[PDB]
file target-v5.pdb (PDB, C-alpha atoms)
MODEL        1
ATOM      1  CA  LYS Y   6       0.000   0.000   0.000  1.00  0.00           C
ATOM      2  CA  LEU Y   7       0.831   3.707  -0.138  1.00  0.00           C
ATOM      3  CA  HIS Y   8       3.010   5.195   2.603  1.00  0.00           C
ATOM      4  CA  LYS Y   9       3.562   8.721   3.908  1.00  0.00           C
ATOM      5  CA  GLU Y  10       7.047  10.251   3.960  1.00  0.00           C
ATOM      6  CA  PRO Y  11       8.315  13.417   5.650  1.00  0.00           C
ATOM      7  CA  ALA Y  12       9.044  16.610   3.708  1.00  0.00           C
ATOM      8  CA  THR Y  13       9.794  20.227   4.586  1.00  0.00           C
ATOM      9  CA  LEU Y  14       8.031  23.264   3.181  1.00  0.00           C
ATOM     10  CA  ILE Y  15      10.148  25.490   0.984  1.00  0.00           C
ATOM     11  CA  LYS Y  16       7.458  27.627  -0.627  1.00  0.00           C
ATOM     12  CA  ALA Y  17       3.779  27.509  -1.621  1.00  0.00           C
ATOM     13  CA  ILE Y  18       3.448  28.576  -5.269  1.00  0.00           C
ATOM     14  CA  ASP Y  19      -0.292  28.342  -6.069  1.00  0.00           C
ATOM     15  CA  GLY Y  20      -3.397  26.510  -4.976  1.00  0.00           C
ATOM     16  CA  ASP Y  21      -2.203  23.288  -6.542  1.00  0.00           C
ATOM     17  CA  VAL Y  22       1.628  23.562  -6.512  1.00  0.00           C
ATOM     18  CA  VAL Y  23       4.053  23.569  -3.559  1.00  0.00           C
ATOM     19  CA  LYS Y  24       7.889  23.369  -3.472  1.00  0.00           C
ATOM     20  CA  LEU Y  25       9.128  20.970  -0.794  1.00  0.00           C
ATOM     21  CA  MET Y  26      12.459  19.631   0.449  1.00  0.00           C
ATOM     22  CA  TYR Y  27      12.066  15.911  -0.181  1.00  0.00           C
ATOM     23  CA  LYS Y  28      14.805  13.461   0.739  1.00  0.00           C
ATOM     24  CA  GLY Y  29      17.239  16.377   0.956  1.00  0.00           C
ATOM     25  CA  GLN Y  30      16.284  17.781  -2.468  1.00  0.00           C
ATOM     26  CA  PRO Y  31      14.228  20.827  -3.429  1.00  0.00           C
ATOM     27  CA  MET Y  32      11.368  19.616  -5.646  1.00  0.00           C
ATOM     28  CA  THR Y  33       8.170  21.094  -7.069  1.00  0.00           C
ATOM     29  CA  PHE Y  34       5.016  19.077  -6.320  1.00  0.00           C
ATOM     30  CA  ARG Y  35       1.709  19.148  -8.202  1.00  0.00           C
ATOM     31  CA  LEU Y  36      -1.215  18.039  -6.023  1.00  0.00           C
ATOM     32  CA  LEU Y  37      -2.719  14.769  -7.370  1.00  0.00           C
ATOM     33  CA  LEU Y  38      -6.305  14.565  -8.620  1.00  0.00           C
ATOM     34  CA  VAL Y  39      -7.313  18.195  -8.189  1.00  0.00           C
ATOM     35  CA  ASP Y  40      -7.631  21.304 -10.273  1.00  0.00           C
ATOM     36  CA  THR Y  41      -7.735  24.645  -8.480  1.00  0.00           C
ATOM     37  CA  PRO Y  42      -8.514  27.954 -10.160  1.00  0.00           C
ATOM     38  CA  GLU Y  43      -5.092  29.504 -10.720  1.00  0.00           C
ATOM     39  CA  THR Y  44      -3.318  32.814 -10.215  1.00  0.00           C
ATOM     40  CA  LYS Y  45      -0.614  31.745 -12.658  1.00  0.00           C
ATOM     41  CA  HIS Y  46      -2.859  30.394 -15.393  1.00  0.00           C
ATOM     42  CA  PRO Y  47      -0.879  30.241 -18.645  1.00  0.00           C
ATOM     43  CA  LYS Y  48      -3.522  31.863 -20.852  1.00  0.00           C
ATOM     44  CA  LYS Y  49      -5.830  33.395 -18.231  1.00  0.00           C
ATOM     45  CA  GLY Y  50      -3.739  34.814 -15.381  1.00  0.00           C
ATOM     46  CA  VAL Y  51      -5.819  35.150 -12.161  1.00  0.00           C
ATOM     47  CA  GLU Y  52      -9.075  33.202 -12.312  1.00  0.00           C
ATOM     48  CA  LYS Y  53     -12.027  33.573  -9.962  1.00  0.00           C
ATOM     49  CA  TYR Y  54     -11.244  31.958  -6.557  1.00  0.00           C
ATOM     50  CA  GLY Y  55      -7.587  31.595  -7.657  1.00  0.00           C
ATOM     51  CA  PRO Y  56      -6.293  33.884  -4.900  1.00  0.00           C
ATOM     52  CA  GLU Y  57      -8.604  32.136  -2.435  1.00  0.00           C
ATOM     53  CA  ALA Y  58      -7.456  28.607  -3.344  1.00  0.00           C
ATOM     54  CA  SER Y  59      -3.893  29.813  -3.251  1.00  0.00           C
ATOM     55  CA  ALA Y  60      -4.197  31.427   0.206  1.00  0.00           C
ATOM     56  CA  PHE Y  61      -5.823  28.275   1.574  1.00  0.00           C
ATOM     57  CA  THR Y  62      -3.042  25.918   0.505  1.00  0.00           C
ATOM     58  CA  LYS Y  63      -0.438  28.376   1.749  1.00  0.00           C
ATOM     59  CA  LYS Y  64      -1.894  28.755   5.238  1.00  0.00           C
ATOM     60  CA  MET Y  65      -2.424  25.073   5.624  1.00  0.00           C
ATOM     61  CA  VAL Y  66       1.138  24.149   4.810  1.00  0.00           C
ATOM     62  CA  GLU Y  67       2.818  27.137   6.423  1.00  0.00           C
ATOM     63  CA  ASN Y  68       1.029  26.587   9.761  1.00  0.00           C
ATOM     64  CA  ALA Y  69       1.599  22.821   9.979  1.00  0.00           C
ATOM     65  CA  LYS Y  70       3.661  21.007  12.579  1.00  0.00           C
ATOM     66  CA  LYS Y  71       4.411  18.234  10.090  1.00  0.00           C
ATOM     67  CA  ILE Y  72       4.181  17.885   6.283  1.00  0.00           C
ATOM     68  CA  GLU Y  73       4.091  14.454   4.627  1.00  0.00           C
ATOM     69  CA  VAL Y  74       3.917  13.415   0.998  1.00  0.00           C
ATOM     70  CA  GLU Y  75       2.217  10.279  -0.308  1.00  0.00           C
ATOM     71  CA  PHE Y  76       2.927   9.042  -3.851  1.00  0.00           C
ATOM     72  CA  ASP Y  77       0.272   6.953  -5.658  1.00  0.00           C
ATOM     73  CA  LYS Y  78       0.819   3.598  -7.492  1.00  0.00           C
ATOM     74  CA  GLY Y  79       1.683   4.974 -10.969  1.00  0.00           C
ATOM     75  CA  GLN Y  80       4.143   7.554 -12.283  1.00  0.00           C
ATOM     76  CA  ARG Y  81       5.506   9.761  -9.536  1.00  0.00           C
ATOM     77  CA  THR Y  82       6.503  12.797 -11.700  1.00  0.00           C
ATOM     78  CA  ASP Y  83       4.776  14.536 -14.604  1.00  0.00           C
ATOM     79  CA  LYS Y  84       6.206  15.840 -17.872  1.00  0.00           C
ATOM     80  CA  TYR Y  85       7.319  19.084 -16.168  1.00  0.00           C
ATOM     81  CA  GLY Y  86       9.334  17.194 -13.646  1.00  0.00           C
ATOM     82  CA  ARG Y  87       6.834  17.852 -10.836  1.00  0.00           C
ATOM     83  CA  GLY Y  88       6.288  15.253  -8.134  1.00  0.00           C
ATOM     84  CA  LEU Y  89       2.754  13.855  -8.265  1.00  0.00           C
ATOM     85  CA  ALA Y  90       1.384  13.298  -4.819  1.00  0.00           C
ATOM     86  CA  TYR Y  91      -1.163  13.668  -2.024  1.00  0.00           C
ATOM     87  CA  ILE Y  92       0.098  16.195   0.510  1.00  0.00           C
ATOM     88  CA  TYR Y  93      -0.757  15.980   4.249  1.00  0.00           C
ATOM     89  CA  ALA Y  94      -0.553  18.854   6.745  1.00  0.00           C
ATOM     90  CA  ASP Y  95      -0.795  17.476  10.327  1.00  0.00           C
ATOM     91  CA  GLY Y  96      -2.467  14.325   9.047  1.00  0.00           C
ATOM     92  CA  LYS Y  97      -5.045  16.231   6.952  1.00  0.00           C
ATOM     93  CA  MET Y  98      -4.841  15.797   3.177  1.00  0.00           C
ATOM     94  CA  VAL Y  99      -4.544  19.192   1.492  1.00  0.00           C
ATOM     95  CA  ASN Y 100      -5.967  17.810  -1.749  1.00  0.00           C
ATOM     96  CA  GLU Y 101      -9.212  16.768  -0.074  1.00  0.00           C
ATOM     97  CA  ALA Y 102      -9.502  19.946   2.060  1.00  0.00           C
ATOM     98  CA  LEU Y 103      -9.497  22.102  -1.061  1.00  0.00           C
ATOM     99  CA  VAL Y 104     -12.199  19.989  -2.668  1.00  0.00           C
ATOM    100  CA  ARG Y 105     -14.309  19.871   0.535  1.00  0.00           C
ATOM    101  CA  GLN Y 106     -14.229  23.708   0.622  1.00  0.00           C
ATOM    102  CA  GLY Y 107     -15.320  24.156  -2.956  1.00  0.00           C
ATOM    103  CA  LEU Y 108     -11.884  25.545  -3.850  1.00  0.00           C
ATOM    104  CA  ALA Y 109     -10.949  22.788  -6.326  1.00  0.00           C
ATOM    105  CA  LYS Y 110     -12.561  20.353  -8.751  1.00  0.00           C
ATOM    106  CA  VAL Y 111     -11.613  16.630  -8.963  1.00  0.00           C
ATOM    107  CA  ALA Y 112      -9.385  16.432 -12.041  1.00  0.00           C
ATOM    108  CA  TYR Y 113      -9.510  14.122 -15.026  1.00  0.00           C
ATOM    109  CA  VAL Y 114      -8.179  10.867 -13.594  1.00  0.00           C
ATOM    110  CA  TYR Y 115      -5.308   8.780 -14.927  1.00  0.00           C
ATOM    111  CA  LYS Y 116      -5.097   5.213 -13.660  1.00  0.00           C
ATOM    112  CA  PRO Y 117      -3.455   3.850 -11.805  1.00  0.00           C
ATOM    113  CA  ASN Y 118      -2.899   7.178 -10.039  1.00  0.00           C
ATOM    114  CA  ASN Y 119      -6.427   7.089  -8.688  1.00  0.00           C
ATOM    115  CA  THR Y 120      -6.250   5.572  -5.211  1.00  0.00           C
ATOM    116  CA  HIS Y 121      -8.125   8.402  -3.427  1.00  0.00           C
ATOM    117  CA  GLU Y 122     -10.436   9.226  -6.298  1.00  0.00           C
ATOM    118  CA  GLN Y 123     -13.676   7.974  -4.756  1.00  0.00           C
ATOM    119  CA  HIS Y 124     -13.041   9.768  -1.486  1.00  0.00           C
ATOM    120  CA  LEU Y 125     -12.320  13.046  -3.230  1.00  0.00           C
ATOM    121  CA  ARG Y 126     -15.424  12.686  -5.397  1.00  0.00           C
ATOM    122  CA  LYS Y 127     -17.532  12.273  -2.247  1.00  0.00           C
ATOM    123  CA  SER Y 128     -16.148  15.498  -0.769  1.00  0.00           C
ATOM    124  CA  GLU Y 129     -16.688  17.224  -4.105  1.00  0.00           C
ATOM    125  CA  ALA Y 130     -20.325  16.146  -4.177  1.00  0.00           C
ATOM    126  CA  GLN Y 131     -20.756  17.567  -0.657  1.00  0.00           C
ATOM    127  CA  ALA Y 132     -19.205  20.926  -1.470  1.00  0.00           C
ATOM    128  CA  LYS Y 133     -21.542  21.222  -4.488  1.00  0.00           C
ATOM    129  CA  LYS Y 134     -24.579  20.328  -2.331  1.00  0.00           C
ATOM    130  CA  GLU Y 135     -23.471  22.947   0.192  1.00  0.00           C
ATOM    131  CA  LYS Y 136     -22.922  25.338  -2.780  1.00  0.00           C
ATOM    132  CA  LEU Y 137     -19.485  26.381  -1.524  1.00  0.00           C
ATOM    133  CA  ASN Y 138     -17.198  28.859  -3.294  1.00  0.00           C
ATOM    134  CA  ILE Y 139     -16.733  27.552  -6.800  1.00  0.00           C
ATOM    135  CA  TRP Y 140     -20.140  25.917  -6.588  1.00  0.00           C
ATOM    136  CA  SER Y 141     -21.938  29.069  -5.449  1.00  0.00           C
TER
ENDMDL
END

call {"tool": "encode", "arguments": {"input": "target-v5.pdb", "output": "structure tokens"}}
result
Amino acid sequence: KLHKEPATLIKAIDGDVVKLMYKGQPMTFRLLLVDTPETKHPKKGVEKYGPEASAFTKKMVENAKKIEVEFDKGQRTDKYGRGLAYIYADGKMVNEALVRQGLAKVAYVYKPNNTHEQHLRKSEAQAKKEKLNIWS
């Protein structure tokens, strides 16, 4: 099964990207299975709720006692060289917290990197029902 490993925050970059020190190496991580509105959108720039999603991720990781990363069962890096992972701040998955708050959508899913897909989809359905942020 999947396992958590320790990492150290270097810098939060956007809602869905964080730079971490991982096994003694600075690395950029892209959060698995979620799309947040972005502040650094290639074509668009700052989308609606982009600053909000980005402040949420930042606070969560900056204020944590512990950060852990959890790789899935498939490829662990994307074509930009970013680590592909679930990120935990004090035992709470950042990927799910964004989706539960209506600050991210569940992304298009690529097996076999889909271990937490069902759980995220449940939180997404709940944030839509509660009409939170993006779903308002």

call {"tool": "resolve_selection", "arguments": {"input": "target-v5.pdb", "expression": "the PyMOL selection byres ((chain Y and resi 100) around 9)", "output": "PyMOL selection string"}}
result
chain Y and resi 21+36-39+62+91-93+97-99+101-105+109+125

call {"tool": "closest_residue", "arguments": {"input": "target-v5.pdb", "among": "Y:22, Y:35, Y:113, Y:51", "to": "residue 84 in chain Y", "atoms": "all atoms listed in the file"}}
result
Y:35

call {"tool": "resolve_selection", "arguments": {"input": "target-v5.pdb", "expression": "the PyMOL selection byres ((chain Y and resi 34) around 10)", "output": "PDB file with C-alpha atoms, in the coordinates of the input"}}
result
ATOM      1  CA  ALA Y  17       3.779  27.509  -1.621  1.00  0.00           C
ATOM      2  CA  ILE Y  18       3.448  28.576  -5.269  1.00  0.00           C
ATOM      3  CA  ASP Y  21      -2.203  23.288  -6.542  1.00  0.00           C
ATOM      4  CA  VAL Y  22       1.628  23.562  -6.512  1.00  0.00           C
ATOM      5  CA  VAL Y  23       4.053  23.569  -3.559  1.00  0.00           C
ATOM      6  CA  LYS Y  24       7.889  23.369  -3.472  1.00  0.00           C
ATOM      7  CA  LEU Y  25       9.128  20.970  -0.794  1.00  0.00           C
ATOM      8  CA  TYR Y  27      12.066  15.911  -0.181  1.00  0.00           C
ATOM      9  CA  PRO Y  31      14.228  20.827  -3.429  1.00  0.00           C
ATOM     10  CA  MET Y  32      11.368  19.616  -5.646  1.00  0.00           C
ATOM     11  CA  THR Y  33       8.170  21.094  -7.069  1.00  0.00           C
ATOM     12  CA  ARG Y  35       1.709  19.148  -8.202  1.00  0.00           C
ATOM     13  CA  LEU Y  36      -1.215  18.039  -6.023  1.00  0.00           C
ATOM     14  CA  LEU Y  37      -2.719  14.769  -7.370  1.00  0.00           C
ATOM     15  CA  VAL Y  74       3.917  13.415   0.998  1.00  0.00           C
ATOM     16  CA  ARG Y  81       5.506   9.761  -9.536  1.00  0.00           C
ATOM     17  CA  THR Y  82       6.503  12.797 -11.700  1.00  0.00           C
ATOM     18  CA  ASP Y  83       4.776  14.536 -14.604  1.00  0.00           C
ATOM     19  CA  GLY Y  86       9.334  17.194 -13.646  1.00  0.00           C
ATOM     20  CA  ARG Y  87       6.834  17.852 -10.836  1.00  0.00           C
ATOM     21  CA  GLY Y  88       6.288  15.253  -8.134  1.00  0.00           C
ATOM     22  CA  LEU Y  89       2.754  13.855  -8.265  1.00  0.00           C
ATOM     23  CA  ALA Y  90       1.384  13.298  -4.819  1.00  0.00           C
ATOM     24  CA  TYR Y  91      -1.163  13.668  -2.024  1.00  0.00           C
ATOM     25  CA  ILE Y  92       0.098  16.195   0.510  1.00  0.00           C
TER      26      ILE Y  92
END

call {"tool": "closest_residue", "arguments": {"input": "target-v5.pdb", "among": "Y:95, Y:52, Y:57, Y:40", "to": "residue 138 in chain Y", "atoms": "all atoms listed in the file"}}
result
Y:57

call {"tool": "residues_around", "arguments": {"input": "target-v5.pdb", "residues": "residue 78 in chain Y", "least_positions_apart": "3", "cutoff": "9 Å", "atoms": "all atoms listed in the file", "output": "number ranges by chain"}}
result
Y: 6-7, 81, 116-120

call {"tool": "write_last_selection", "arguments": {"input": "target-v5.pdb", "atoms": "C-alpha atoms", "output": "mmCIF file, in the frame of the given file"}}
result
data_model
loop_
_atom_site.group_PDB
_atom_site.id
_atom_site.type_symbol
_atom_site.label_atom_id
_atom_site.label_comp_id
_atom_site.auth_asym_id
_atom_site.auth_seq_id
_atom_site.Cartn_x
_atom_site.Cartn_y
_atom_site.Cartn_z
ATOM 1 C CA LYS Y 6 0.000 0.000 0.000
ATOM 2 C CA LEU Y 7 0.831 3.707 -0.138
ATOM 3 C CA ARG Y 81 5.506 9.761 -9.536
ATOM 4 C CA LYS Y 116 -5.097 5.213 -13.660
ATOM 5 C CA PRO Y 117 -3.455 3.850 -11.805
ATOM 6 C CA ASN Y 118 -2.899 7.178 -10.039
ATOM 7 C CA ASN Y 119 -6.427 7.089 -8.688
ATOM 8 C CA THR Y 120 -6.250 5.572 -5.211
#

call {"tool": "atom_distance", "arguments": {"input": "target-v5.pdb", "atom1": "CA of residue 72 in chain Y", "atom2": "CA of residue 53 in chain Y"}}
result
27.8 Å

call {"tool": "closest_residue", "arguments": {"input": "target-v5.pdb", "among": "Y:26, Y:139, Y:20, Y:94", "to": "residue 61 in chain Y", "atoms": "all atoms listed in the file"}}
result
Y:20

call {"tool": "atom_distance", "arguments": {"input": "target-v5.pdb", "atom1": "CA of residue 42 in chain Y", "atom2": "CA of residue 134 in chain Y"}}
result
19.4 Å

call {"tool": "atom_distance", "arguments": {"input": "target-v5.pdb", "atom1": "CA of residue 45 in chain Y", "atom2": "CA of residue 106 in chain Y"}}
result
20.6 Å

call {"tool": "closest_residue", "arguments": {"input": "target-v5.pdb", "among": "Y:14, Y:110, Y:50, Y:80", "to": "residue 63 in chain Y", "atoms": "only C-alpha atoms"}}
result
Y:14
